Each structure stands twice: as structure tokens, then as C-alpha cells.
Engineer: 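Sharing a structure, written as C-alpha cells. Questions coming.
By convention in this document, chain letters (A, B, ...) are assigned in the order of the sequence lines, proteins followed by strands, and residues within each chain are numbered from 1.
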There are 2 protein chains.
Amino acid sequence: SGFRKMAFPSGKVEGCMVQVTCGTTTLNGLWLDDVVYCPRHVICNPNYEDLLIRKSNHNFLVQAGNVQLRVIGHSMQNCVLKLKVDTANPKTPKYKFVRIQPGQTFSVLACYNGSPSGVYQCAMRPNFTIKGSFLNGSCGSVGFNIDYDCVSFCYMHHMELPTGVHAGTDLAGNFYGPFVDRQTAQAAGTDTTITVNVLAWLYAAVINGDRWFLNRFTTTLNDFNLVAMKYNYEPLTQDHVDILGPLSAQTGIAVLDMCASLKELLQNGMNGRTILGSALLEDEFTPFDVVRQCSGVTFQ
Amino acid sequence: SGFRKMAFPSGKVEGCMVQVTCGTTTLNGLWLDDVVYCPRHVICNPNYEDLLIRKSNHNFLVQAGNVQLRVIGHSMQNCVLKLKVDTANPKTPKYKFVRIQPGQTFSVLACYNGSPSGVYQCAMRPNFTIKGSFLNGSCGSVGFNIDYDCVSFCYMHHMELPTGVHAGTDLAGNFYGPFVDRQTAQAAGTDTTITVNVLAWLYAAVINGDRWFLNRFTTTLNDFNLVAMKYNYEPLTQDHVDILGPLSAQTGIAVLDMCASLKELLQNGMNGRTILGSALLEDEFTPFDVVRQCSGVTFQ
Ligand SMILES: *[C@H](O)[C@H](C[C@@H]1CCNC1=O)NC(=O)[C@H](CC(C)(C)C)NC(=O)[C@@H](NC(=O)OCc1ccccc1)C1CC1
Ligand SMILES: *[C@H](O)[C@H](C[C@@H]1CCNC1=O)NC(=O)[C@H](CC(C)(C)C)NC(=O)[C@@H](NC(=O)OCc1ccccc1)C1CC1
């Protein structure tokens, strides 16, 4: 038992990170097959693709450790550079590129100079930012989930907004949210709490022996949603309730009783008590995250 | 910027996890060179020396993916079994076996049937437990730190105590804390807060822009101590103050002044405010961890 913020194991992603140097800018790249994916602003109100046509293949130093990968061709797909190199990465996992939805979580392998520094779990916030940990040179670090043996890359890091939150793209180069890879003013937008995740985390708490917050008040999805709007919570939908099925069925607490639990926590606070070692309602565990961890799902 | 609970990348440990089955008991083992380390209760108020002498090398199916490893010897060092096998692990990294002190952190690569499930950080609490995430079948999972390219193995899991906390050994088989690997009633003992860690996380907060908790008050080492023991915080030594020097100089906040901040936080609480997104005072970040995350250090 116990419950912790758990990342995927990152060896499948570690074996892909490369350093991409161009001019006096260095950042990270993702080497899959004979392609290196990286943020286009390594070539830097830019006209990126005017700036790209003025580039040559030999202008791009790609270093997989202490071995120089040589670029045989390049193209730009939205906000990512794709660098065609002369070597297939023999450590290329089975992979896909996916675009995650907000509320969904993923592991970030933060890198600098091609080298993995640490791994941690993030959620895509409702305002299309992530609360990451990223310094100068961490761009090109990827987020990912694993299913069985296949890596689903969902995030690549590009920028930090003034409120200390982070913004990036999928591996197709399209930003999450209304951000651009340009050093002009832009703000994260107001965030909201991922309600379905909070409820998932309360189930996890029950599955682990935290029941002090429970009651047997019930509620309707409509009455609950009136309260969710009052406290800056995302609306709860019947689809959310459905995904919460397995969790409810394992604990014996109907979704709508646990929603009534959430409501009393929202109106009365937690009153000096902690849930799973936290004094706040945690919203970065999906239902799938709860089920995987509380049942020991592993990955080949 | 940002500060999140960050694990070492796990791929060097991933290449060393195997499945160890004996009788009907399966748990995880660590395969370095031609030796597989695992919890000794895999051969299970027993008598382990008697139980071991009754075992043959063929009783141990050590299973590495789809490559059965032939056992060709065995021995018991305290609570760990050492299974010499006929193949040296080609993916053996540079490694060390270290016994860590309380307050020190490490990453845990939770595993099941020799397959990684996730990675996360933990601290050796002062009562020699850890607050992990471990189910049936997770024994043999290791805790570790990474330095340049060297894996310092420091923990191997064995058991969960009734409070939901977790107990284990170093890789020389010696338990942390008074605990024994048998189904005899044993409780964790009273835990305390790692004061030096809380102060380091206060600095992380400062480096990341949370200053609301600071003040111009100051204190003596003993006066702040007089307060820590009131609140179950552990003594702060002058050795700890020294270790906080780098953080003190980078922020220009003297440690005894940060102690004054923490003192005020202990006597008044957080009163609705968060620090680094927590409403409790976090103690599972060492000064190391802060400097490494807030400066970006990597691992080849
Ligand atoms: C890639 O290594 C870095 C990562 C940044 C640096 C520290 N933390 C990070 O996540 N990315 C950048 O340096 C980008 C470069 C561009 C903009 C993608 C070309 N710059 C930023 O992250 C800057 N953010 C920014 O420009 O956001 C909009 C903004 C808001 C207010 C005033 C001006 C601009 C920020 C580091 C300076
Ligand atoms: C190895 O896979 C497991 C890991 C445990 C299982 C659940 N979570 C974990 O971290 N280890 C065990 O099953 C041990 C086996 C021994 C005792 C180490 C040989 N058993 C336990 O963890 C059990 N706890 C226990 O025996 O603690 C002492 C105790 C306390 C109170 C009353 C009696 C005994 C418990 C999981 C079943």
C-alpha cells in the first residue's frame, strides 16, 4: 500500500535523448529511427522558416553522447524541427505520438545537454500549461506515458510563462493552448481544478485507509456541479462518473456519495487533517493512475 | 524554474531487474555482474539458515524477461540472498552499495515480477521507515541514487508495517531500523520532521519566487531548537547550518533567518497559503536535491 506521485520508468526515453547545438543555442532532441525531433527555436519576432531556409545541414550539431550524428536533411513541422540523420537509433522503442487531453497525466524526463537529469509526473492543466521543473537548456525534454511496451510521447517542452508554469507542444509541433514560441507577452489564463482527478485521488485515499472525509450524504450530479462551479472546479460529467466506475466498485462508495464527500471538504476545508500526506485536494492523479498504482500494473 | 518531486532516471536500474521465484513465492531481484540479490524471505517466525540449507540451486528460477538465468550457487548475507548465476549482466552499470542516513533521499523503482511499475522519490525517515508505494510482489525493488554515471544502491524492499509505511534493508542485507523480516508484531515508532530538509525546501521556494513566509526576524540555533522540539521537529545542528550555506549564499537569506521564518511558520501555520504548491511543510528534499534541481545537474 501507500500512494505516491509515480512516474513511468524512463529508460526507454533516456536512450533517445540527444544534444542539438546550433549557433550558440543548445537544447535537447528526441532521436527516433533516423529522425531527431527538437524545438525549432534552436535555429534562433522570428520568422522561423525564413530563418530555417538560411540554414545548412552542417549547421546542426547533434550529439548522441560523444558520437556526432550528421544531418542529411531537415524539415519543419509547426514548432518542431525534424533533423534527418545518418544513423537509425538502435535503442528506438516502440513509440507513438499522441495529443493528450487536459486533465491527463504524463511523465517528464527533464534533460540538459542531451543528458537525463530527473523524471517526474505532470498533468496537462485545464489552461494548457504544465507545472513542471525546467531551467535554461531543458527545452526538447519530452513528456510521455507507457502502455505495456510502447512509448506514447505527448509533450515537448519549449517555454516558461511568467507565473512559473510551462508550455509546449506535442511531437507534431502544435502547442498545447494559445502559446507561441516567441518572446512576446502571453499569460497562462485562469486555471481550474480537475474534479474527476480529485475524486480519483479520494478513492485512492479510501483504498489506502483514509476514510475520515467520507460521509453518507449523497448528491445529484447537478447539485454537485453547482458546488464545483463555486470553487473553481471543472464540471463533472456522466463520462467522468463512468470512468470512476471501477474505483467506486472496488471501494463500495458510489460516485455521487464521494461527490458529496468532496462538497463537504470544499465548504469546510480539511480542518487540520491530511489526505494521503497532503493538506490540499490533489488533482494530478487520473482514475487510470489510481488503478494502475493501487493494483501494481507494470510494463514490459 | 519550478520545483517538483523528482526521481533519478531509472534506466540503469531497469536493466538489472529480474524475477526470482521459489516454491510459490515470487519477488524481484537485482542482477549485477553474475549475482542476483533478492529478499531472503523468498525461500519462505522462520529459521532462514535452516530453510536455506534445505534449498538447492535448482529451486531458484531466476527469470530475466524471456531468458531464464541458471543459478550455480547461493549464499545469505543477513536478510538478502546472493544468487550467483552463470551469466554476467551485460547491462551492469557502475555501481556502489551505500547505506544511507535518515533525512537522505533516494529514488525507488517499484517492480513486479521483474518488470518496472514506476519510479518515485522517498526519504529515509528518522524512524527508519519510508513512505513508499508497494503492493504484494514488490519485494526486491531497490532504492538508489545516481552520481555522474554511478548507481549507489541503498535500499531493497521487504515489508509493510501496520501504519502503511515500509521497511527494508541496504544491499548488504541489514535492515534500516529495528525491524525483522518475519510476521511478528512490530510498529514503526514515532517519526519526527527532518528540520534541515524543511529549511532546504524553504530555500527552493525562495529560488522559485515564494517569499511570503520570510521575515526580518532572526533567532539563535538553540532558541529555534527550543521550538523544533516543541513541534516534533528534529534538532538542527551546526553541521546542518553549514550544509545550508550554498543555499544561504545564493538567496542572501542567512540560515538562522530562515530558521526564524520556519519558527513563525510552526507557531502560526500557513493560514490558507501554499509553499511550492503544498499546504504542509515538506521535508523530503535534501539540500542536495534543491541545489541539483534548482541548478539542473544531469547524469550521463
Ligand atoms: C528552453 O531551454 C527554454 C526553457 C525555459 C528557460 C527557463 N525555463 C524554461 O522553461 N525556453 C526558452 O528560453 C524560451 C525561448 C522561446 C520563447 C521559446 C523562443 N523562452 C522562454 O521560456 C521565456 N518565456 C517567454 O518568452 O514567454 C512569454 C513572455 C511573457 C512575458 C514577457 C515576455 C515573454 C522566458 C524564459 C524567458
Ligand atoms: C514482498 O513482496 C512483501 C511487500 C509488502 C507486501 C504489501 N506491501 C509491502 O510492502 N513483503 C511481505 O509480504 C512481508 C514478508 C515478511 C514479513 C518480510 C517476511 N510481510 C509484510 O509486509 C506484512 N507485514 C508484516 O509482517 O509486518 C510485521 C507485522 C506487523 C503487525 C502484525 C504482524 C506482523 C504485511 C504485508 C502483509
Engineer: For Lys131(A), does the NZ atom sit with more than 12 other heavy atoms under 6.0 Å from it, leaving out its own atoms?
Structural biologist: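 Not buried by this count: 12 neighbours or fewer within 6.0 Å.
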Engineer: Answer yes when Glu14(B) and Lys12(A) have at least one side-chain N-carboxylate O distance shorter than 4.0 Å, and no when they do not.
Structural biologist: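 Yes, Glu14(B) and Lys12(A) are salt-bridged.
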Engineer: What are the two closest non-hydrogen atoms of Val206(A) and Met258(A), and how far apart are they?
Structural biologist: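 Minimum heavy-atom separation between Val206(A) and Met258(A): CG2-CE, 3.8 Å.
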Engineer: With a 6.0 Å cut-off on ring centres, are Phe153(B) and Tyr37(B) close enough?
Structural biologist: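 Ring centres of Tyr37(B) and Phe153(B) not closer than 6.0 Å.
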Engineer: To check you understand the geometry: which heavy-atom pair defines the closest contact between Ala228(B) and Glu234(B), and what is its length?
Structural biologist: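 Where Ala228(B) meets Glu234(B) most closely, the heavy atoms are CB-O, 4.1 Å.
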Engineer: Which heavy-atom pair separates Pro93(B) from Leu32(B) by the least distance, and what is that distance?
Structural biologist: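 Smallest interatomic distance, heavy atoms only, reads CD-CD2, 4.4 Å.
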Engineer: Check the orientation of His166(B) and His157(B). Use parallel for under 30°, tilted for 30 to 60°, and perpendicular for over 60°.
Structural biologist: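 Perpendicular, since the angle between the ring planes exceeds 60°.
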Engineer: Does a side-chain N-to-carboxylate-O contact under 4.0 Å join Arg70(B) and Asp86(B)?
Structural biologist: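 No salt bridge links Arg70(B) with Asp86(B).
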Engineer: Given side chains that start at C-beta, do those of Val165(B) and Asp191(B) come closer than 4.5 Å, heavy atoms only?
Structural biologist: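 Result no, sub-4.5 Å side-chain heavy-atom pair not found.
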Engineer: In this structure, are over 12 heavy atoms from other groups packed under 6.0 Å from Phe288(B) atom CZ?
Structural biologist: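 Open: at most 12 neighbouring heavy atoms sit under 6.0 Å from CZ of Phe288(B).
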Engineer: Please say whether the positively charged group of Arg292(A), taken as NZ for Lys or CZ for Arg, lies over the ring of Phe8(A), i.e. under 6.0 angstrom from the six-membered ring centre and within 45 degrees of the axis.
Structural biologist: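 Relative to the ring axis of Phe8(A), which defines the angle, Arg292(A) lies inside both limits.
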Engineer: Would you find more than 12 non-hydrogen atoms of other residues, nucleotides or ligands less than 6.0 Å from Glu264(A) atom CD?
Structural biologist: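 Above 12, so yes.
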Engineer: Carefully, step by step, assess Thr92(A) and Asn89(A) under the rule side-chain hydrogen bond (donor to acceptor under 3.5 Å, both in side chains).
Structural biologist: CA-CA 5 Å; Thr92(A) 295; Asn89(A) 195 346; 4.6 Å; no
Engineer: Might you point out which heavy atoms bring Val198(A) and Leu262(A) nearest each other, and give the distance in Å?
Structural biologist: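 So the minimum-distance heavy-atom pair works out to CG1-CD1, 3.7 Å.
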Engineer: Looking at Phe134(B), does the NZ or CZ of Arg4(A) lie under 6.0 angstrom from its six-membered ring centre and within 45 degrees of the ring axis?
Structural biologist: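 No - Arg4(A) does not lie over the ring of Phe134(B) by the 6.0 Å and 45° rule.
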Engineer: With a 3.5 Å cut-off and no angle check, do the side chains of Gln63(B) and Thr21(B) form a donor-acceptor pair?
Structural biologist: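 Looking only at side-chain atoms, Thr21(B) and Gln63(B) do not form any donor-acceptor pair under 3.5 Å.
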Engineer: Kindly say whether the aromatic ring centers of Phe179(B) and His158(B) come within a distance under 6.0 Å.
Structural biologist: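 No - the distance between ring centres of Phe179(B) and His158(B) does not fall below the 6.0 Å cut-off.
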Engineer: Checking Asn127(B) against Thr129(B): is there a side-chain donor and acceptor pair closer than 3.5 Å?
Structural biologist: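 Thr129(B) vs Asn127(B): donor-acceptor pair found between side chains.
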Engineer: Take a 6.0 Å sphere around CD of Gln77(B) and say whether it holds more than 12 heavy atoms from other residues, nucleotides or ligands.
Structural biologist: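 Check passes, neighbour count above 12.
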Engineer: Checking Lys5(A) against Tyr120(B): charged group under 6.0 Å from the ring centre and within 45 degrees of the axis?
Structural biologist: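 Relative to the ring axis of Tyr120(B), which defines the angle, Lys5(A) lies outside at least one limit.
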